Amino acid sequence: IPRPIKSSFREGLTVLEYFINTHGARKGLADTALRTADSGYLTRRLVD
DNA sequence: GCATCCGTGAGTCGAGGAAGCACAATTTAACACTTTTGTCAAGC
């Protein structure tokens with residue numbers, strides 16, 4: 001997104017900046033749940 | 001011979017909550033009666 005987050009967590013984020021921040025924050029948290037699942041499947045194939 | 005489609009797989013522990021009758025055949029209980037067993041008392 002070209003529009004950055006000009007504010008800092010010290011200065012506080014505007015209402016709008018928070019909405020666009022959750023876009024990437026939640027997508028990365030959903031990636032965490034997926035990567036652990038595929039890595040476990042990969043590990044079982046390596047072991048066997 | 002080629003591609004569409006079926007088959008298989010996608011983390012680990014936890015924790016918790018919802019029709020009706022008749023009639024023959026048969027097994028089950030129910031009873032009268034005999035044997036088998038646990039018993040009390042008296043005497044050898």
# chains A, B, ... in the order shown; residues from 1 in each chain; ligands from 1
$ interface_residues --of "chain A" --to "chain B" --cutoff "6 Å" --atoms "only C-alpha atoms (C1' of nucleotides)" --output "MDAnalysis selection string"
chainID A and resid 36:37 40
$ write_last_selection --atoms "C-alpha atoms" --output "mmCIF file, in the first residue's frame"
data_model
loop_
_atom_site.group_PDB
_atom_site.id
_atom_site.type_symbol
_atom_site.label_atom_id
_atom_site.label_comp_id
_atom_site.auth_asym_id
_atom_site.auth_seq_id
_atom_site.Cartn_x
_atom_site.Cartn_y
_atom_site.Cartn_z
ATOM 1 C CA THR A 36 2.933 -25.510 11.359
ATOM 2 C CA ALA A 37 0.509 -27.925 9.677
ATOM 3 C CA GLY A 40 4.420 -31.399 10.497
#
$ residues_around --residues "residue A:4" --least-positions-apart "3" --cutoff "12 Å" --atoms "only C-alpha atoms (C1' of nucleotides)" --output "NGL selection string"
:A and (1 or 7-8 or 13-14 or 16-18 or 20-21)
$ atom_distance --atom1 "atom CA of residue A:5" --atom2 "atom CA of residue A:29"
19.8 Å
$ decode --residues "stretch 14-32 of chain B" --atoms "N, CA and C atoms (P, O5', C5', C4', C3', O3' and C1' of nucleotides)" --output "CSV table (one decimal), in the first residue's frame"
chain,number,residue,atom,x,y,z
B,14,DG,P,-3.3,-36.1,25.8
B,14,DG,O5',-4.3,-34.9,25.5
B,14,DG,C5',-5.3,-34.6,26.5
B,14,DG,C4',-5.0,-33.2,27.1
B,14,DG,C3',-6.2,-32.5,27.7
B,14,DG,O3',-6.4,-32.8,29.0
B,14,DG,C1',-5.0,-31.1,26.2
B,15,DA,P,-7.6,-33.7,29.6
B,15,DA,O5',-8.7,-32.6,29.8
B,15,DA,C5',-8.4,-31.3,30.5
B,15,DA,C4',-9.3,-30.2,30.0
B,15,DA,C3',-10.8,-30.6,30.0
B,15,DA,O3',-11.4,-30.5,31.2
B,15,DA,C1',-10.2,-29.4,28.0
B,16,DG,P,-12.8,-31.2,31.6
B,16,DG,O5',-13.8,-30.0,31.8
B,16,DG,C5',-15.2,-30.1,31.4
B,16,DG,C4',-15.4,-29.5,30.0
B,16,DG,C3',-16.7,-29.9,29.3
B,16,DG,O3',-17.8,-29.2,29.8
B,16,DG,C1',-14.8,-29.7,27.8
B,17,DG,P,-18.9,-29.9,30.8
B,17,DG,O5',-20.3,-29.2,30.4
B,17,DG,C5',-21.3,-30.0,29.8
B,17,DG,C4',-21.6,-29.5,28.4
B,17,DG,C3',-22.2,-30.5,27.4
B,17,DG,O3',-23.6,-30.6,27.5
B,17,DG,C1',-20.3,-29.6,26.5
B,18,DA,P,-24.3,-32.1,27.8
B,18,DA,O5',-25.6,-32.0,26.9
B,18,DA,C5',-26.4,-33.2,26.7
B,18,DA,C4',-27.7,-33.0,26.0
B,18,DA,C3',-28.2,-34.1,25.2
B,18,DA,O3',-29.6,-34.1,25.0
B,18,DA,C1',-27.2,-32.4,23.8
B,19,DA,P,-48.9,-48.7,12.6
B,19,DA,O5',-50.4,-49.2,12.9
B,19,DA,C5',-50.6,-50.0,14.0
B,19,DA,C4',-51.9,-50.8,13.8
B,19,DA,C3',-52.3,-51.7,15.0
B,19,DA,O3',-53.6,-51.3,15.5
B,19,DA,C1',-52.5,-52.9,12.9
B,20,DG,P,-54.0,-51.6,17.0
B,20,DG,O5',-54.7,-53.1,16.9
B,20,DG,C5',-55.8,-53.3,16.0
B,20,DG,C4',-56.0,-54.7,15.8
B,20,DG,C3',-55.8,-55.6,17.0
B,20,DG,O3',-57.1,-56.0,17.5
B,20,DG,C1',-54.9,-56.6,14.9
B,21,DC,P,-57.2,-56.9,18.8
B,21,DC,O5',-57.3,-58.4,18.2
B,21,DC,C5',-58.4,-58.7,17.3
B,21,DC,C4',-58.2,-60.1,16.7
B,21,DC,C3',-58.1,-61.2,17.7
B,21,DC,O3',-59.1,-62.1,17.5
B,21,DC,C1',-56.4,-61.4,16.0
B,22,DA,P,-59.2,-63.5,18.4
B,22,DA,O5',-58.5,-64.6,17.5
B,22,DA,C5',-58.9,-64.8,16.1
B,22,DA,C4',-58.4,-66.2,15.6
B,22,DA,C3',-58.4,-67.2,16.7
B,22,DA,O3',-58.7,-68.5,16.1
B,22,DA,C1',-56.2,-66.7,16.0
B,23,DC,P,-59.0,-69.8,17.0
B,23,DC,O5',-57.7,-70.8,16.6
B,23,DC,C5',-57.0,-70.5,15.4
B,23,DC,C4',-55.6,-71.1,15.6
B,23,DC,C3',-55.4,-72.1,16.7
B,23,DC,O3',-54.8,-73.3,16.2
B,23,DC,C1',-53.8,-70.4,16.8
B,24,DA,P,-54.8,-74.6,17.1
B,24,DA,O5',-53.3,-75.2,16.9
B,24,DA,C5',-52.7,-75.2,15.6
B,24,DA,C4',-51.2,-75.1,15.7
B,24,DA,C3',-50.5,-76.0,16.6
B,24,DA,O3',-49.3,-76.5,16.0
B,24,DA,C1',-50.0,-73.8,17.3
B,25,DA,P,-48.4,-77.7,16.6
B,25,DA,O5',-47.1,-77.0,17.3
B,25,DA,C5',-46.3,-76.1,16.5
B,25,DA,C4',-45.4,-75.3,17.3
B,25,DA,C3',-44.6,-76.2,18.3
B,25,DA,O3',-43.2,-75.9,18.2
B,25,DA,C1',-45.6,-74.3,19.4
B,26,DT,P,-42.1,-76.7,19.0
B,26,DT,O5',-41.7,-75.7,20.2
B,26,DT,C5',-41.4,-74.4,19.9
B,26,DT,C4',-41.1,-73.6,21.1
B,26,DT,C3',-40.4,-74.3,22.3
B,26,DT,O3',-39.3,-73.6,22.8
B,26,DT,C1',-42.4,-73.3,23.1
B,27,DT,P,-38.0,-74.3,23.4
B,27,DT,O5',-37.4,-73.2,24.3
B,27,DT,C5',-37.7,-71.8,24.1
B,27,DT,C4',-38.3,-71.2,25.3
B,27,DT,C3',-37.6,-71.6,26.6
B,27,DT,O3',-37.2,-70.4,27.3
B,27,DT,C1',-40.0,-71.8,26.8
B,28,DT,P,-37.0,-70.3,28.9
B,28,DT,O5',-38.5,-70.0,29.4
B,28,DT,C5',-38.9,-68.6,29.4
B,28,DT,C4',-39.9,-68.4,30.6
B,28,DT,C3',-39.2,-68.5,32.0
B,28,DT,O3',-39.8,-67.6,32.9
B,28,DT,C1',-40.9,-70.1,31.8
B,29,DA,P,-39.1,-67.3,34.3
B,29,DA,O5',-40.2,-67.7,35.4
B,29,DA,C5',-41.5,-67.0,35.3
B,29,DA,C4',-42.5,-67.9,36.1
B,29,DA,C3',-42.1,-68.4,37.4
B,29,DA,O3',-42.7,-67.6,38.5
B,29,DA,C1',-43.1,-70.2,36.1
B,30,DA,P,-44.3,-67.5,38.6
B,30,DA,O5',-44.8,-69.0,38.6
B,30,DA,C5',-46.2,-69.3,38.3
B,30,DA,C4',-46.6,-70.6,38.9
B,30,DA,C3',-46.4,-70.7,40.5
B,30,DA,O3',-47.6,-71.1,41.1
B,30,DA,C1',-45.5,-72.6,39.3
B,31,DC,P,-47.5,-71.4,42.7
B,31,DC,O5',-47.6,-73.0,42.8
B,31,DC,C5',-48.6,-73.7,42.0
B,31,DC,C4',-48.5,-75.2,42.3
B,31,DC,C3',-48.2,-75.6,43.7
B,31,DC,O3',-49.0,-76.7,44.1
B,31,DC,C1',-46.7,-76.6,42.3
B,32,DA,P,-49.3,-77.1,45.6
B,32,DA,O5',-49.5,-78.6,45.6
B,32,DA,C5',-49.7,-79.3,44.3
B,32,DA,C4',-49.0,-80.6,44.3
B,32,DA,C3',-48.8,-81.3,45.6
B,32,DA,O3',-49.0,-82.7,45.6
B,32,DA,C1',-46.7,-81.1,44.5
